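Data block below; observations after.
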Amino acid sequence: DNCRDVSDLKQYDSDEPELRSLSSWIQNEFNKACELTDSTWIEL
Amino acid sequence: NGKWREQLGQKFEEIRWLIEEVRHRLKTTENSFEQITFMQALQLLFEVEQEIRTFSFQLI
């Protein structure tokens, strides 16, 4: 009940998210994810 | 075996030259194809030059 005596009260950090730009590493990740390997990794 | 002992300096002449060229070209460019190609090339030269230096050091 003593929480309303504070003089430094702020609701929440409800601010707009920062904007970002595309980079080239995600395409590299996809390219490396699309290739073959030596092991088997699954057996049904 | 004669000249084979002296092209080492010739290769070292063009090692850091081409590495600096690739660095600058990677900095300047704006596509993604060129960016990934240049990054891979930079890695390849680093590895190959370290291998060459180690091999030369062991043999002498």
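So basically every Cβ, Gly included, is an ideal-geometry build from the backbone, and we count neighbours across all protein chains shown. Laboratory data are not the source of any read-out in this text; all were calculated from the coordinates shown.
Tabulated results
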{"item": "Separation of alpha-carbon centers, chain B and segment A:4-20, rounded to whole Å", "result": "52"}
{"item": "Ratio Rg/Rh [Cα only; Rh per Kirkwood] for the protein assembly as shown", "result": "1.33"}
{"item": "Distant alpha-carbon pairs in chain B (separation over 18 angstrom), percent", "result": "45"}
{"item": "Structure-based [θ]222 nm, chain B - -39500 (n - 2.57) summed over DSSP H runs of at least 4, per residue, nearest 500", "result": "-29000 deg cm²/dmol"}
{"item": "Computed [θ] at 222 nm, deg cm²/dmol, chain A (DSSP H ≥ 4; -39,500 (n - 2.57); rounded to nearest 500)", "result": "-6000 deg cm²/dmol"}
{"item": "Alpha-carbon spread of chain A, three principal axes, descending order, Å", "result": "67, 33, 13"}
{"item": "Inter-site label distance for B:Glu30 and B:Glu6 at 7 Å from Cα along Cβ, in nm", "result": "4.8"}
{"item": "Cross-link reach list, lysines versus B:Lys11, counting only Cα pairs under 18 Å and skipping chain neighbours closer than eight places", "result": "B:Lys3"}
